[PDB]
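**Student:** Starting off with a structure, shown below.
No Cβ is skipped: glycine too gets one built from the backbone with ideal geometry, and neighbour counts run over all protein chains shown. No value in this document is a laboratory result; all are computed from the given coordinates.
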Amino acid sequence: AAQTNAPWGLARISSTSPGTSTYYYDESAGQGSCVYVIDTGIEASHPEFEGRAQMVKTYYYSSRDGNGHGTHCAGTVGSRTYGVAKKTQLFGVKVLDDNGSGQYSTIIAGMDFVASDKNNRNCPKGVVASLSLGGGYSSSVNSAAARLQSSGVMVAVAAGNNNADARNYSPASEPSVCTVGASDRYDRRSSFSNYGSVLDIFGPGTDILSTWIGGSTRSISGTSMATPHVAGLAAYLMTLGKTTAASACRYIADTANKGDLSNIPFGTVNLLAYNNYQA
Ligand SMILES: O=C(O)[C@H]1O[C@H](O[C@@H]2[C@H](O)[C@@H](O)[C@@H](O)O[C@@H]2C(=O)O)[C@H](O)[C@@H](O)[C@H]1O
Ligand SMILES: [Ca+2]
Ligand SMILES: [Ca+2]
């Protein structure tokens with residue numbers, strides 16, 4: 001399949017070169033997989049989700065995304081126009097309030113929630129969790145992320161936006177999950193993207209168009225935007241049978257475009273997510 005005039009990031013993850021605008025992907029499109037977006041919620045009613053999104057958990061008075069961030073991230077995972085895995089099932093878990101804030105205890109509960117809740121969902125092709133959030137190092141937060149991964153979920157987490165070594169942030173610094181940095185349309189590390197040995201992969205993170213609340217769309221930037229590219233990519237590859245939850249981060253690094261990014265500090269991987277789709 002081919003989607004013309006796609007967002008640059010979708011084109012990029014199906015291209016060996018920057019500078020193109022068509023997204024190429026197997027039409028299976030993540031069908032039969034599930035992605036949990038652990039964030040501020042998801043506006044499930046947005047036309048772009050086509051009934052494939054639903055809220056399954058909130059820790060606040062409402063399950064509504066009153067912020068926009070969670071909806072944007074979900075849109076990059078799985079919206080029809082702006083998504084990597086256009087047929088995946090999206091589940092929203094609202095661990096962040098409408099200002100984008102949340103206590104680590106709530107975040108940890110949300111992670112253990114997905115580990116259990118997947119047993120209530122139909123996801124024959126596998127389960128992914130996308131965590132576009134973080135804070136200072138916390139072994140408990142890292143442990144929670146490692147549990148979720150161990151339970152059979154491909155956990156993708158944002159590196160952080162401090163232009164610093166991600167070793168000092170959580171859950172970014174957990175070795176067993178997939179830590180995702182951000183790049184821009186010219187194959188530069190995004191200037192805010194964390195880096196370090198703990199990074200596994202980069203994805204598009206600067207000027208990413210996706211869904212927003214009120215049935216709208218907008219373009220924003222962050223490792224929060226790169227992360228769902230990778231999450232959607234995992235779901236897509238899992239549906240195709242190329243990899244599994246336990247192995248998907250390794251597989252994505254193995255099959256990445258290598259050596260193509262600029263401003264990658266010595267000791268950080270130079271790997272850009274790529275779907276290896278050959279029409
Ligand atoms: O069971 C334990 O406590 C032992 O493994 C632990 O790891 C946690 C899970 O058991 C494991 O499946 C995955 O989720 O990693 C978890 C974590 O990092 O906390 C710990 O390593 C120790 O508690 C160990 O005794
Ligand atoms: Ca720095
Ligand atoms: Ca890792």
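**Student:** What's the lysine pair count for the chain at a Cα cut-off below 19 Å, pairs eight or more apart or interchain?
**Tutor:** 9
**Student:** Right, something else. FRET efficiency for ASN122 and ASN163, Cβ-Cβ distance as r, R0 = 45 Å, nearest 0.05?
**Tutor:** Given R0 = 45 Å and the Cβ-Cβ separation, E is 0.65.
**Student:** Here's a follow-up. Show log10 I(q)/I(0) for the stretch 190-279 at q = 0.11, 0.23 Å⁻¹, two decimals, from a solvent-free Debye sum over equal Cα scatterers.
**Tutor:** At q = 0.11, 0.23 Å⁻¹ the computed log10 ratios are -0.34, -1.19.
**Student:** Same structure again: Find which of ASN168, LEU233, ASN119 sits farthest along the positive direction of the dipole of the stretch 106-256, computed with +1 on the beta-carbon of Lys and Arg, -1 on that of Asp and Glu, about the Cα centre.
**Tutor:** Farthest towards the positive end: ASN119.
**Student:** Which shape class applies to the stretch 78-194: rounded if a/c is under 1.5, otherwise prolate when a/b exceeds b/c and oblate if not, where a ≥ b ≥ c are the square roots of the Cα gyration tensor eigenvalues?
**Tutor:** Oblate shape, in that a/c is at least 1.5 and b/c is the bigger or equal ratio.
**Student:** Under the Cβ-under-4.7 Å rule, which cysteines of the chain stay unpaired?
**Tutor:** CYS73
**Student:** Continuing with this model, one more query. Counting only residues 5 or more places away or on other chains, whose amide H sits under 5 Å from the amide H of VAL84 once H atoms are built in the peptide plane?
**Tutor:** Here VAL77, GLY78, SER79 satisfy the definition.
**Student:** Return the distance in nm (one decimal) between the two label points of a simple spin-label model at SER21 and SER45, each offset 7 Å from Cα along Cα→Cβ.
**Tutor:** Placing both labels 7 Å beyond Cα along the Cβ direction yields 3.3 nm.
**Student:** Give me the one-decimal nm value for the distance between modelled label points at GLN278 and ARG250, 7 Å along each residue's Cα-to-Cβ direction.
**Tutor:** 2.4 nm
**Student:** Would you be so kind as to identify all helices of the chain, as entire DSSP H runs, whose Cα atoms reach 24 Å or more along the helix's own axis and whose mean Kyte-Doolittle hydropathy is at least 0.0?
**Tutor:** 223-240
**Student:** Given the convex hull over the Cα atoms of the stretch 3-104, what projected area results after averaging over all orientations, in nm²?
**Tutor:** With the hull built on Cα positions only, its mean projection is 7.1 nm².
**Student:** Let me check I have the definition right: for the chain, take the eigenvalues of the Cα gyration tensor, multiply each by 5, take square roots. What are those semi-axes in whole Å, largest first?
**Tutor:** After scaling each eigenvalue by five and taking roots: 23, 21, 18 Å.
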